[PDB]
4 protein chains.
Amino acid sequence: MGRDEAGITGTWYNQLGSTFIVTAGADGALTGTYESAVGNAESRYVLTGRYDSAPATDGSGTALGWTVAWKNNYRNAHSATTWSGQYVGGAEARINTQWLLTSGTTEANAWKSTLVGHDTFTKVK
Amino acid sequence: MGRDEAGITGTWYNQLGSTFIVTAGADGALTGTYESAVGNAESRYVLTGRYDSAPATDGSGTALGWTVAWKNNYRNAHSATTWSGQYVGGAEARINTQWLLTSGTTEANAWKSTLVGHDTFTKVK
Amino acid sequence: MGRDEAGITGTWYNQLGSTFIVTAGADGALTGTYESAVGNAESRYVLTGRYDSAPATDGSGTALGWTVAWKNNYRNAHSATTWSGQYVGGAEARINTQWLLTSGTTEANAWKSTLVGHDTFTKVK
Amino acid sequence: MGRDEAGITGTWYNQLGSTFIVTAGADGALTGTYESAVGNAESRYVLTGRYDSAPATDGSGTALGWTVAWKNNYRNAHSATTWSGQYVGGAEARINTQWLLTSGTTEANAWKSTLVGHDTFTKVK
């Protein structure tokens, strides 16, 4: 029922070699797992998010976002990343994102709590 | 079972007058609703996210994040915001966040797709 | 000749206790020194930037930005911060900024090169 | 005298087709002009910034930043962009940046004042 429900659902890979496995629900839900190739992380972590299930039809992307808290049964990096971006469908489908990675800190160190970057996900490689 | 499960769960308000209603699950889940005082928005929107259910005990905050896609039964702003931040417990509990608001755009306009800002949530006002 | 040349020029302090000393030139230039209360820093560092010397008159802020590279005669933190924001004049003048702090890294660590945050500068305290 | 003074100085192009013309001073200064291929802009605008004139030698990049206020003799977009990033030398030299573009706004619209994105500059194309 979601316009890009089928186009978003599946396995995605970014430029770092991370793997994003997502299911897009008819209603706007995103659920899945994330495995980072880098950082204080091992194996899969739960993700959840949301996407625009009725996007504009005018060649525009589909807005979406999701979160990973970096705790699983193997490790806890006391941090969470949120990706915010858009899905662009077609032969070379992509999800283009910017992210914010916040660590738990003391109040004295909160100024240095948050990393920012950008990931591009593709269906191959 | 989550360390700040009780401290996070409930109603939060930010500096804009927005209202965040969240339940924190024992496992790391965040679910709830968001109502923005500003922007292309009306009434409540679904949110989901994650938090560190076993944070450091050393005076450090609790990392968390969540997403809203700005589609509900009233409006669709073809956009999604992700907040990334930390919960700081105590008499004056706060959630301190930075956010990324991505709009669906054409590829030609993707350079101007994403707003960034910061919200502080409190339990009063 | 700059509309807020007089309002911007002078000494500013942020919420961390840092001190920003700036001169605004008629043409749009910003020059001065920055002293951070936090981080890998001591004493003053050179800053340069730019501001909108002919802003809108409609109650709107004045856009501006500036950079500090964190090298001086005392220390080198192999990093640079840029603040991007707006000057809001009046009894309680403020400069409201967001910043990006990039460290030199290897290519393998570039994903974790860049911190993001927000500073508010006032003329007192 | 700056380690990458020679490597930074010159003409750079980003993925949008914008042109960055910079001189790096021995002392850490960056001066030049920027011409954007997109947005509310025409022709060249003054830029100034700073870079780490004595970077780490260990395969690490060179931290730098610069600002453009989007006022010149042709147009005034009441905004400023700051790029924060690192120069990576070698056969395929690059400057990898993240940026913050703040517009002057009323206080009521300040939540939507600031765009964020990422530009990669190369010496060709």
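Whether a residue is of a type outside the set (S, T, Y), closer than 22 Å to A:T105 by Cα and in contact with an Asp or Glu (Cβ under 7 Å, 6 or more places away or on another chain) was assessed, and B:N14 passes this test. Of all the residues that make up region C:24-37, how many are more than 21 Å from C:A63 (Cβ to Cβ) and in a loop (DSSP other than H, G, I, E, B)? Total satisfying the criteria: 2.
Could you tell me whether any residue of region A:5-23 is in a strand (DSSP E or B) and within 12 Å of chain B (Cβ to nearest Cβ)? No, the conditions are met nowhere in region A:5-23.
Do we have D:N96 as at the interface with chain C (Cβ under 7 Å from one of its Cβ atoms), of a type outside the set (K, R) and either under 13 Å from the mean Cα position of the chain (by Cα) or crowded, with 17+ Cβ neighbours inside 10 Å (or both) here? Don't jump to the end; show me each part of the working.
Working: at the interface with chain C (Cβ under 7 Å from one of its Cβ atoms): yes; of a type outside the set (K, R): yes; either under 13 Å from the mean Cα position of the chain (by Cα) or crowded, with 17+ Cβ neighbours inside 10 Å (or both): yes.
When the stated conditions are applied, D:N96 passes them.
Quick one: which residue in B:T62, B:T97 is among the polar types (S, T, N, Q), farther than 14 Å from A:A63 by Cα and in contact with a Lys or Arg (Cβ under 9 Å, 6 or more places away or on another chain)? Exactly one residue qualifies, and that residue is B:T62.
Residues that are surrounded by fewer than 18 Cβ atoms within 10 Å (Cβ to Cβ) and of a type in the set (G, A, S) within region B:1-15 comprise B:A6, B:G7, B:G10, listed in sequence order. Of the residues screened, B:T122 is one that is surrounded by fewer than 19 Cβ atoms within 10 Å (Cβ to Cβ) and in contact (Cβ under 8 Å) with a residue 60 or more places away in the chain.
Residues being in contact (Cβ under 8 Å) with a residue 24 or more places away in the chain and over 25 Å from B:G85 (Cα atoms) are represented in region A:39-54 by at least one member. Within region B:25-71, the set of residues being of a type in the set (A, V, I, L, M) and crowded, with 16+ Cβ neighbours inside 10 Å comprises B:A29, B:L30, B:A41, B:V46, B:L47, B:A56, B:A63, B:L64, B:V68, B:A69. Restricted to region B:25-47, and to residues there that are within 11 Å of chain A (Cβ to nearest Cβ) and among the hydrophobic types (A, V, I, L, M, F, W, C), the residue that is farthest from B:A69 (Cα to Cα) is B:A29. Taking (1) of a type outside the set (G, A, S); (2) at the interface with chain B (Cβ under 7 Å from one of its Cβ atoms); (3) farther than 16 Å from A:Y13 by Cα; (4) buried (at least 22 other Cβ atoms within 10 Å of the Cβ) in turn, A:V116 satisfies each apart from (2).
Methodologically, a virtual Cβ is constructed for each residue, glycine included, from the backbone with ideal geometry; neighbour enumeration extends over all protein chains shown. No value in this document is a laboratory result; all are computed from the given coordinates.
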